[PDB]
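Enquirer: To start, I am sharing the structure in question, which I have written as structure tokens.
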Amino acid sequence: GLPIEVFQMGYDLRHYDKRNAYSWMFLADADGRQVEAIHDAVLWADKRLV
Amino acid sequence: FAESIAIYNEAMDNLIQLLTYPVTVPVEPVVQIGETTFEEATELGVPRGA
Amino acid sequence: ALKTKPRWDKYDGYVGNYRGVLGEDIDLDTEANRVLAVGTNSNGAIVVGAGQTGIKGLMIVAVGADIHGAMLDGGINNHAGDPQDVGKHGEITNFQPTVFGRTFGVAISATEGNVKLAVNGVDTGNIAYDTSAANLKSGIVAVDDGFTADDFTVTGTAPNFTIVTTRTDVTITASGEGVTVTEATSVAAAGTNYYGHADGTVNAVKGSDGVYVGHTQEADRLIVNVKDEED
């Protein structure tokens, strides 16, 4: 007669977020290039996270 | 003397063309920009701004 | 760029948070871009520190600066009669304690003769060991620097003492042996309760006054939950 045995392994999963927020007075006077730069800084913080 | 001058002249020519460029823009800017970070998410709260 | 400044992160404005009008001008060199404890005067107006009502909220007067680091006086949110927002509930980020003026701790190592202080780098002449507080104050004002007995406050009846300056630009220091001078700096601390004072300052210290305004979590954040002052 014979024995047999096996096992298995897994991986984690986690969640991350960030916010950006503007008052009406900022959105009234801002250059679109400034809010585009804030977006690019978040895309860079995203890579430094992963 | 024109050949002893020619060696000093050659040495100065080679140094000048390797150390210099013509200025076309009389004033040059340099900038310093900040950064941001993600944070770990939760199921009821909200993250910080940017 | 060199610096962060305090801001509201979360502020709703349909809860206990409110619009008002300023009863007095905000001092841009001393009070703009800082977390101010505010009350209400005998009219309807917001005032820095305790008004008629005591401390009722926190305010940040958000002001733009030029690249040279100075602030425009042409704003519409910082003169008397200008509207301002005030918070009871929310979060402030890039938080710092609010302090006005400069403060120095003085301790004398000598039990003999006299010790030498400096004011902006020019000396007091002589301070005896074991002065009164008024004798210490007198030796500070006696320098030919053009500062006077209203620029300073002194307290202490021991080798230890403290100098408090309402101006920002006077530095008290030691120059001789037998005395030391430490400037009493103030930084945000994690996990700490903060209190709004009748001055309008915010500090992790509560004294004979100091309503609760919130607590930090991580030092760069303040969770704002004002427990309004009461009769």
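Enquirer: For the structure I just gave you, tell me whether C:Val205 is without any contact (Cβ under 8 Å) to a residue 12 or more places away in the chain and β-branched (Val, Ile, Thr).
Expert: So C:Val205 passes the test.
Enquirer: Just a yes or no: is a residue in segment A:18-29 in a helix (DSSP H, G or I) and closer than 21 Å to B:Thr37 by Cα?
Expert: Checked segment A:18-29: no residue is in a helix (DSSP H, G or I) and closer than 21 Å to B:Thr37 by Cα.
Enquirer: For residues that are among the hydroxyl-bearing types (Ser, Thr, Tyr) and touching an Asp or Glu at 6+ places or on another chain (Cβ under 8 Å), scanning just segment C:149-186, find the one that is farthest from C:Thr98 (Cα to Cα).
Expert: Taking the candidates together, the pick is C:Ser175.
Enquirer: How many of the residues in chain B are within 29 Å of the chain's Cα centre (by Cα) and of a type in the set (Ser, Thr, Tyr)?
Expert: So the answer is 5.
Enquirer: Within segment B:9-39, work out how many residues are exposed (fewer than 10 other Cβ atoms within 10 Å of the Cβ) and either touching a strand residue (DSSP E or B) at 6+ places or on another chain (Cβ under 8 Å) or more than 23 Å from C:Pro6 (Cα to Cα) (or both).
Expert: Adding up the residues that qualify gives 15.
Enquirer: Continuing with this model, one more query. How many of the residues in segment C:44-61 are surrounded by fewer than 20 Cβ atoms within 10 Å (Cβ to Cβ) and in a loop (DSSP other than H, G, I, E, B)?
Expert: The total comes to 5.
Enquirer: Please identify the pairs in which a residue from segment C:153-178 that is more than 18 Å from C:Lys116 (Cβ to Cβ) has its Cβ atom under 7 Å from the Cβ atom of a residue that is charged (D, E, K, R) and crowded, with 16+ Cβ neighbours inside 10 Å, counting only partners at least 6 apart or on another chain.
Expert: Between residues of segment C:153-178 that are more than 18 Å from C:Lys116 (Cβ to Cβ) and residues that are charged (D, E, K, R) and crowded, with 16+ Cβ neighbours inside 10 Å, the close pairs are C:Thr165/C:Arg102; C:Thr165/C:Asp151; C:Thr166/C:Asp151; C:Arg167/C:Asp151; C:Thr168/C:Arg102.
Enquirer: Also, I was wondering about something else. Condition first: under 11 Å from C:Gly200 (Cα atoms) and not in a loop (DSSP other than H, G, I, E, B). Now tell me which residues in segment C:28-43 satisfy that.
Expert: Selection gives C:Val35, C:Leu36, C:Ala37, C:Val38, C:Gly39.
Enquirer: Still on this structure, I have one more. Suppose we keep only residues that are within 14 Å of chain B (Cβ to nearest Cβ) and assigned to a loop (DSSP other than H, G, I, E, B) within segment A:5-17. Which one would you say is nearest to B:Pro47 (Cα to Cα)?
Expert: Per the stated criteria, the residue is A:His15.
Enquirer: Please work out which residue is nearest to C:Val179 (Cα to Cα), limiting yourself to segment C:116-153 and to residues that are touching a strand residue (DSSP E or B) at 6+ places or on another chain (Cβ under 9 Å) and β-branched (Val, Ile, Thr).
Expert: The qualifying residue nearest to C:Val179 (Cα to Cα) is C:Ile127.
Enquirer: For segment A:23-50, how many residues are out of contact with any strand residue (DSSP E or B) (no Cβ under 8 Å at 6 or more places or on another chain) and at the interface with chain B (Cβ under 9 Å from one of its Cβ atoms)?
Expert: Qualifying residue count for the region: 8.
Enquirer: Checking C:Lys3 against (1) crowded, with 16+ Cβ neighbours inside 10 Å; (2) within 14 Å of chain B (Cβ to nearest Cβ); (3) among the charged types (D, E, K, R): exactly one of these is not met. Which one?
Expert: (1)
Enquirer: Can you list the strands (runs of 3 or more DSSP E) found entirely within segment C:166-231 that contain at least 2 residues being aromatic (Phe, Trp, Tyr)?
Expert: Result: C:193-196.
Enquirer: Does segment C:98-115 contain any residue that is in contact (Cβ under 8 Å) with a residue 24 or more places away in the chain, closer than 30 Å to C:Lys5 by Cβ and either among the acidic types (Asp, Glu) or surrounded by fewer than 15 Cβ atoms within 10 Å (Cβ to Cβ) (or both)?
Expert: No, segment C:98-115 contains no residue that is in contact (Cβ under 8 Å) with a residue 24 or more places away in the chain, closer than 30 Å to C:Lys5 by Cβ and either among the acidic types (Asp, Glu) or surrounded by fewer than 15 Cβ atoms within 10 Å (Cβ to Cβ) (or both).
Enquirer: Right, next: Please give the number of the condition C:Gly146 fails out of (1) in contact with an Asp or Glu (Cβ under 8 Å, 6 or more places away or on another chain); (2) free of Cβ contacts under 8 Å to residues at least 12 places away in the same chain; (3) not hydroxyl-bearing (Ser, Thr, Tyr).
Expert: With (1) in contact with an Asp or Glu (Cβ under 8 Å, 6 or more places away or on another chain); (2) free of Cβ contacts under 8 Å to residues at least 12 places away in the same chain; (3) not hydroxyl-bearing (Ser, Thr, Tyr) applied to C:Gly146, the lone miss is (1).
Enquirer: Considering only segment C:12-26, I want to know if a residue exists there that is within 21 Å of A:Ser23 (Cα to Cα), within 14 Å of chain B (Cβ to nearest Cβ) and in contact with a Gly (Cβ under 8 Å, 6 or more places away or on another chain).
Expert: Yes; the residues of segment C:12-26 include at least one that is within 21 Å of A:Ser23 (Cα to Cα), within 14 Å of chain B (Cβ to nearest Cβ) and in contact with a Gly (Cβ under 8 Å, 6 or more places away or on another chain).
Enquirer: In segment B:40-49, which residues are closer than 21 Å to C:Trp8 by Cβ and at the interface with chain A (Cβ under 7 Å from one of its Cβ atoms)?
Expert: Within segment B:40-49, B:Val46, B:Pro47, B:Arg48, B:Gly49 qualify.
Since every read-out is calculated from the coordinates, none of them should be taken as a lab result. All Cβ positions, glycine included, derive from the backbone under ideal geometry; neighbour counts span all protein chains shown.
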